[PDB]
Structure formats: C-alpha cells, structure tokens
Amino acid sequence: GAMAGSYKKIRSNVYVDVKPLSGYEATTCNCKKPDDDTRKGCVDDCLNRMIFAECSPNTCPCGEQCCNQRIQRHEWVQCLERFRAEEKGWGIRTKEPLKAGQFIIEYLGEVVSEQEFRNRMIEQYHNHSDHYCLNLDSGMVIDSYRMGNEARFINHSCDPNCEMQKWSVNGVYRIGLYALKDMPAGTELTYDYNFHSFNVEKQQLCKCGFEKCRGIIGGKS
C-alpha cells in the first residue's frame, strides 16, 4: 500500500470530468513598457490585472517585463517548507518574509465536478482523517486527496494570513494563494477554509489558536 501522507506530485492541474474554461482570453492592455527593462510593467493599473485576467504573451505591450503573468510563469516563492504543526499534522511555513498581496504558490490538484467528488467521498474519502478539497467555480472543485503540490498541506485559520484568488490564465481558471498581510520569516501559512474550501461535511476541531476561533474548521462563529 501507499505510505502515510503519500500523494502524487503533479506540475499542473489534472482535468478529470470537467475543465474550468473561463470563456475569456486577455488581449492587449493599455500599459506602457518601461524603457528601463529592469522595471516591471503591467502593475496595479493594468486593465487585465483589474479583472483578474493574466496577460497573454503574444499581445501584452510589456513583453518580458509584464508582472501580470505570475501563475503562468510559475513565479512561486521558493522558500516554503513542510513542517510539523502542533495539533494540526503537517503545515507549510515560509522560511523568508512575505509582503501583503504577494503571490505565493498555485494550488494544484484534480479538477472534478461536485458530482465526481461526492462519488469519491462515498467510495474513498469518507473515513479519512485529513481532507483536501478547494472550491473553484460553480459545480467543480480541486481535489488534492490523491494528486497535487505542497499547497495541500496549508492549514485553516480563523484569522488567516493568506487568501485564494481565482484568475483567468490562457483561457482557464486557476487558483493562486496570495498573502493577506506582511509575514516574518518562519510564519505558518494559513487561509480561511470557510471562504475558500469546499464543504466536505466533516466535523473537525480547529486548533488555529486565535481568540476568535470558531471551534470547528469551516464552522460558523
């Protein structure tokens, strides 16, 4: 059998019975390429960035200086580490400081319909002690119970320091983890499962440690 905590490490999402087409392809924005090519273009006022669409490289006026292609250019931070998080199994911490708003990592897994996921829950997952299912869009989820990347080890917090964002990238929706606030070296990354995770209808104590803790992962106040 498989070893405890085993999972298949994948490089990008695996489309099972659905593909999360966004219906949109970004075209040329109104940005101007900086003449100093060490300076980023397509910053906060990029019209594609403002609709959570990453630029398309054949049409972006900033070319290699575009900083609105973070997911497709795989611009993950390289300082993440899996560690033993007290009373929360494995967690993920950043070894170096992060800043509010920063892109951290793409969340990967198997893209499945809610129908397929419910089938997998009945047949396999119902008695697991750890769960791995992120929301995505209407009728579909990212299932990282079997396949994914190290983002699957990020724990829930009732006072999170990161969030998920859904972006249109090359015609498909993809999910990135972004910092909500500055974080010093050593910080465990967390996000709010109530906002970003699929309701797997499982009942688990929250050990996030905050005074505002809801007591249950994904629970109400």
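The numbering used is simple: start at 1 and walk along the sequence shown.
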* Indicate yes or no: is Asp17 absent from the model in at least a third of the other PDB entries of this protein that were compared? => no
* Other PDB entries, at least a third, lacking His196 -> yes
* To do: Determine, for stretches 75 to 83 and 122 to 130, which one has the higher mean CA B-factor as deposited.
  => 122 to 130
* Asked: Out of 186 to 194 and 29 to 37, which one has CA B-factors that are higher on average in the deposited record?
  -> 29 to 37
* Structure fact -> Highest CA B factor of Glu64, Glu54, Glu163, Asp44, as deposited, is found at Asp44
* Asked: Between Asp143, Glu106, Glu150, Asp137, where does the Cα B-factor run highest in the record?
  -> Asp137
* Lowest, middle or highest third of the chain for the C-alpha temperature factor of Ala100? -> highest
* Could you tell me which third, lowest, middle or highest, the C-alpha B-factor of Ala2 occupies within its chain? => highest
* Relative to the other modelled residues in the chain, which third contains the C-alpha temperature factor of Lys19: lowest, middle or highest? -> highest
